[PDB]
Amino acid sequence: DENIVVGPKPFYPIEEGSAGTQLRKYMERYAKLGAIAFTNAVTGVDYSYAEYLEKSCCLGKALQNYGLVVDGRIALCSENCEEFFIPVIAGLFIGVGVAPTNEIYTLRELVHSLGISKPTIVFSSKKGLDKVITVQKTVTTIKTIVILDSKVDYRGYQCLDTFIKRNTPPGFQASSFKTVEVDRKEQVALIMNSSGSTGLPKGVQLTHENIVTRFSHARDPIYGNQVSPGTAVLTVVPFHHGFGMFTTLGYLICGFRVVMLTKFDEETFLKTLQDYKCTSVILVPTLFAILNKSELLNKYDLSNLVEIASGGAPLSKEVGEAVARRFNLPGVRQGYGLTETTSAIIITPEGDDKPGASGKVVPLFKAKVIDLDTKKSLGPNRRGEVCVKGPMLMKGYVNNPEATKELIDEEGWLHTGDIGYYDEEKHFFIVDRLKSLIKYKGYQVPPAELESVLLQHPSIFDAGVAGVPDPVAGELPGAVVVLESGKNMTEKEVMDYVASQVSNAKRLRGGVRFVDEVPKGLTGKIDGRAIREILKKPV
């Protein structure tokens, strides 16, 4: 079947050893070099590779001394902090599965998530502690809570350093610690949760094989960023999520200084780029809005920035092109993936550009686009459901065989739930989620196409589009809009503006509501249910 698109061979073959073994090898190299691994952009606190490696080894030993066995479970519950990856790496080193969560989860989300992954120990931020204590009342198998981002014991709980000290012999040498080899294709490494699900979070099981595949991509000269220890990268994405998890772990294999930024005011954003000489960043779409509007770019030395990427959610082609132009860059790089594919499986290849494209199939992967009804493969320039296959496919959901069966078909293809197409040169374009398409008469209108038009308006800061029920037409496209400060548009002004830019079918017949915040998930995807609820309310 010539409709299947097959990715190339990676420049760097997948290395032998577990994901823990590989991380240890590279971290040790950068440790001896004296490089910095993590920097908190706002405080300027650094962890060297040497310190991060030492603590990760010491925590690995501590978890073994505590009694955790291969295929045990720990969790994190934390907003981004520079300590976040210590329990992750320790788990990978010893073959204990790690379930990351964020403090920003609701209690309903967190109780469900941790109830599925069943961690023995939770590494909680100070901020997340109250939620973890509450969850423990239901998930009563959580034995121990350790405070991740405190140097001292906190509210009666051991901090990370205390837990390590209490579970390792005095004078324990990290250099002596051995990574634990595992059955790479079978051994769960991480239990992850997607963002923007319409239901409660499922536990996505990712293996060591999944992760070491990512390590090849991450440092690939075409599909990643080349090893360059000391080079700084800015990161803004949530660490608990696959997007932040596998970009960050990849950056550690690359030897980069991971500059973690948690505040997105333009001054701090720009000052961070300048002060740490950041050479690249992967943004989410809302951060592009800040950069397109900024009147301050000229005040900062931004000359070190040679790459801007995007992922997680649809990016307006025109907004991306404007921002790339401001920075005098050829274009915005992009990656597209799902929690269930570990990381990005379509990435813009260096040297092989195409306006508006999401990129090309990554090494070791295959992709196809199927007809929504027949499920048969399609040629180029035909919209259908993107499906993918390759060694980053998850092992399956935790204790949910039905959901696994629905996602990964009898022929081993993962059905992404996304609409897209590929062109004659095999560039893929991801349009939107199938579930988001607005059923206006016989049309299937992608909200992202309307959102792009809205975002391009200089008075519109943010927008989200969804379908308003309608007896005659099925669904009418409607929009929720956040206006830029000091600007005003009426509903009619927005509707007329959109009508001037789109087909008749795409008009905002469902109307426009103005809000302070567009409802979205943790990595920028529009919350359709929430938008529909807002549109339902009378003005």
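Start at 1 with the first residue shown and count on from there.
Here the stretch with the larger average CA B-factor, out of 412-420 and 369-377, is 369-377.
Checked against the record, the higher mean CA B factor of 432-440 and 223-231 lies with 223-231.
Between the residues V472, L53, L508, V45, the entry's highest C-alpha temperature factor is the one at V472. Highest C-alpha temperature factor among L114, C159, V284, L273 per the entry: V284. For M192, the recorded CA temperature factor ranks within the lowest third of the chain's modelled residues. When all modelled residues of the chain are sorted by CA temperature factor, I531 is found within the highest third.
Ranked by Cα temperature factor within the chain, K131 sits in the middle third according to the deposited record. Per the deposited record, the Cα B-factor of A19 falls in the lowest third when ranked against the other modelled residues of its chain. Compared with the other modelled residues of the chain, the Cα B-factor recorded for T404 ranks in the middle third.
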